[PDB]
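Undergrad: Below is a structure I'd like to ask you about.
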Amino acid sequence: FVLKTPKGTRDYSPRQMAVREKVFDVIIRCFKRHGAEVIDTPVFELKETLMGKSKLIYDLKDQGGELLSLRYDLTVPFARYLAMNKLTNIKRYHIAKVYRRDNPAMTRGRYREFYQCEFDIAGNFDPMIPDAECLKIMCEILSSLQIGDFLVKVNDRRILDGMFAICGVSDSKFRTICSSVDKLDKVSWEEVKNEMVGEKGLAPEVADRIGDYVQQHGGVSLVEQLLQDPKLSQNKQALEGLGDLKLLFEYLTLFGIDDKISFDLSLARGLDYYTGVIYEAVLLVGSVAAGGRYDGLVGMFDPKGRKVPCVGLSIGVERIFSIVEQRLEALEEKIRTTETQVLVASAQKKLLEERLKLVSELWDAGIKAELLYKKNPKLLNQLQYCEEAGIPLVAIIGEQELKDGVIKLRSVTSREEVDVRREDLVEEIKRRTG
Amino acid sequence: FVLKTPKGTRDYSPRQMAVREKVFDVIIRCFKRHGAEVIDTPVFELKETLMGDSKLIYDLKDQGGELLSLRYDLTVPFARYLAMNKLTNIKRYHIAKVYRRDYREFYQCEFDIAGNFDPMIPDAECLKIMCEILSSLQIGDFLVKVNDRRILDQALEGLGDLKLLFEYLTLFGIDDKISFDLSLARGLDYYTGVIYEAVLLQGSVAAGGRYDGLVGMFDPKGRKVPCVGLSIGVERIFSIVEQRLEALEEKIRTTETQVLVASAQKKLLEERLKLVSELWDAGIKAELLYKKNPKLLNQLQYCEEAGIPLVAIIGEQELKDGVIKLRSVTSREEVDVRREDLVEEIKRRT
């Protein structure tokens, strides 16, 4: 019986907390920029609410009332929220931990407790306006996160099942064909099609016709060239898809997001989910944020069953955390876990009480101060503390300096002091910091 | 139907979120003012980590791996974190959900100082932080009653200790707003020195105290580490501040959007898109209604219902002049300004 955290969970040390807080600040400043409200659901949904998904869900003991299960997702508690509250229209974000009892990776990548960050627009609006604002938010966040260059892959589910019908897939086999052509973004088309024909039983006569399609990506001229596609310009589903994507491109150009977006027919994920557009943000390589339009979901909890057409995105914050805390281990620079603005110290031997008097004045004024919990602390150790915690300023109290009603304001990094009268001290600390 | 959020647990509408964020804002703005790091633990530990009244604990099924258990306290994960990392010194707060089956899922706000420190300094600071938080927390007075475990017991050292705390508090200007009362007993199974709680004058608002053995439990060497803590019953405070907020008539905003880019004319959606992107790329946080051709009245009513005080009206006459029309939803007066002046002209009126 050892001291540790359950297999796959993890303590967040104060440094990690600082990183995650600084990422969350960017993200939430954007969500608030677009006027999104915030909601919060319980950490466990009433067991039978989470039925219809993979049974990797933590179950709880009876031991009293009913049975329960911890949430493996954030969008299902959202659908429950809208059905329960009888809401026809909301723009929200939701940032909270999720729990999936998978085998925790040892490489790593995958945990059992981790953070999920979802943003959603729910309601029946005019066509592709909210779907486009989602991409806008995605690129504001990714750009403002300073994590290098990113690209946004977009597609439509209708263009999918439509093109897959046109090439020739069995609807009893179409699923794993999407689960396979999805892998093209990470392996070659040849290692896709050889694995495909090698494990699928469908004629390469068909897989080749798929290959002429899925191997294509480009800008608006691609949705327009595929509008000219005679074999495709005859499918209702697909025509709808390419249309929505066309108008979406127009709105994106208006938003200035024209360049960082590519129409990539290889993208094919979450079909138990997406009924319209599908996003995936990538770096320059790996996934960072994804999402799309999913209308038939939220209506799966209404008494009647009226459709709640929803679009949304989800930021992969658990990865961005690592990208940051490893851009920080790269530059070998420290991260400030605290906001402390000055440390109050004294080199003389019986000045602890006066130190307290000063610190309480600096707190009451508002500036974030601190002192060391020893009656007669030695000044060199006291300055080492500031050098470690990144504290920028030290306010030193001396007896003959007390006689003059002043304070020595030694900078920890410049090592240069200055006598400042007790009157001006507050505004002076306020001057040398933020 | 019968879609039920589990018993004892309720959701959080944006109206309630608006309250919890402000309360948490003065709280965190205070714990940051004293230079306190923050840590976060998993929501569940091992069941055996949460042993010795003790069966109000939430458990998990056998799974096929370990027996896990939802946390019923924040100082127990604190203790296993201190013992795990062999940390002999840390000042730390923590605001997260706890799960005690008796509400049932509720927020705990713990703040504890730990380390070998000269007599009664961290205790006095815990009191100063309690008074800062509660004072800036809008409510009335506090008269936080303090006491000692070692006097209820040897009982001399506690008299000396509380004797040493009072002058520190007088230096903090805190003396007058505390008290000395000995009927204060609960809780007492885990505390070891000072014990205290505040009470609101018009109850369980804030409580805590020094406890030193609670951490040395998990230490294999038994090397006990001292500690002095405080917890703020934020679930009461949420209700009291949202209760004062209804008796004060003022609406509680759930959004911060300062402009709604609008148009009364038709076919001007795309121009409104150019505008909302120019405003979003800038600092200001505008919004736009999701319809190609909305009517101005619907948008203005949306603004007077959401709290958005400014409306960016785009008209063709306005468009071709390089100028955008601006109507304050409150005063209904109009000012038409250059597109270049628009961003700073919104930052100015907000």
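FYI, nothing fancy with the structure tokens labels: chains A, B, ... in order, residues from 1 per chain, ligands from 1 as they appear.
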Counting only C-alpha atoms, give me one row per residue of chain A with an atom at most 7 Å from an atom of chain B, showing the shortest contact pair and its distance in Å to one decimal, sorted by chain then residue number, as CSV.

TA:
residue,atom,partner,partner_atom,distance
A:3,CA,B:84,CA,6.1
A:4,CA,B:84,CA,6.8
A:5,CA,B:45,CA,6.3
A:6,CA,B:45,CA,6.2
A:9,CA,B:42,CA,6.1
A:10,CA,B:42,CA,6.3
A:11,CA,B:41,CA,4.8
A:12,CA,B:40,CA,5.0
A:13,CA,B:39,CA,5.4
A:14,CA,B:39,CA,5.1
A:17,CA,B:39,CA,6.3
A:32,CA,B:256,CA,6.5
A:33,CA,B:285,CA,4.4
A:34,CA,B:285,CA,6.1
A:35,CA,B:257,CA,5.1
A:36,CA,B:255,CA,6.5
A:37,CA,B:254,CA,5.9
A:38,CA,B:14,CA,5.5
A:39,CA,B:14,CA,5.5
A:40,CA,B:12,CA,5.2
A:41,CA,B:11,CA,5.1
A:42,CA,B:11,CA,6.4
A:45,CA,B:5,CA,6.7
A:46,CA,B:6,CA,5.6
A:59,CA,B:61,CA,5.5
A:60,CA,B:60,CA,3.8
A:61,CA,B:60,CA,5.0
A:84,CA,B:3,CA,6.3
A:125,CA,B:290,CA,5.7
A:126,CA,B:291,CA,4.9
A:129,CA,B:290,CA,6.0
A:130,CA,B:290,CA,6.8
A:254,CA,B:274,CA,5.1
A:255,CA,B:277,CA,5.1
A:303,CA,B:1,CA,5.7
A:337,CA,B:37,CA,5.7
A:338,CA,B:35,CA,5.2
A:339,CA,B:35,CA,5.8
A:340,CA,B:35,CA,4.8
A:356,CA,B:171,CA,6.7
A:357,CA,B:171,CA,5.4
A:360,CA,B:172,CA,5.5
A:363,CA,B:33,CA,6.9
A:367,CA,B:33,CA,6.7
A:368,CA,B:33,CA,4.0
A:369,CA,B:34,CA,6.0
A:370,CA,B:34,CA,6.0
A:373,CA,B:117,CA,5.4
A:374,CA,B:118,CA,5.2
A:375,CA,B:118,CA,6.5

Undergrad: Which of region 34-229 of chain B end up as strand (DSSP E or B) when DSSP is run on this backbone - answer as number ranges by chain?

TA: B: 37-38, 40, 44-46, 57, 59-60, 68-70, 90-100, 105-114, 141, 144-148, 178-180, 194-198, 201, 206-210, 228-229

Undergrad: So, with only C-alpha atoms as the atoms that count, which of A:231, A:101, A:112, A:408 lies closest to residue 167 (chain A)?

TA: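 For residue 167 (chain A), the nearest of the candidates is A:231.
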
Undergrad: Report as number ranges by chain all protein, DNA and RNA residues lying within 9 Å of residue 329 (chain B), evaluated on only C-alpha atoms, omitting residues in the same chain fewer than 3 positions from it.

TA: B: 300-301, 303-304, 307-311, 332-333

Undergrad: Would you give me, as number ranges by chain, the residues in region 49-95 of chain B that DSSP reads as alpha helix (DSSP H)?

TA: B: 75-85

Undergrad: What is the distance, in Å and to one decimal place, between CA of residue 88 (chain B) and CA of residue 223 (chain B)?

TA: 9.5 Å
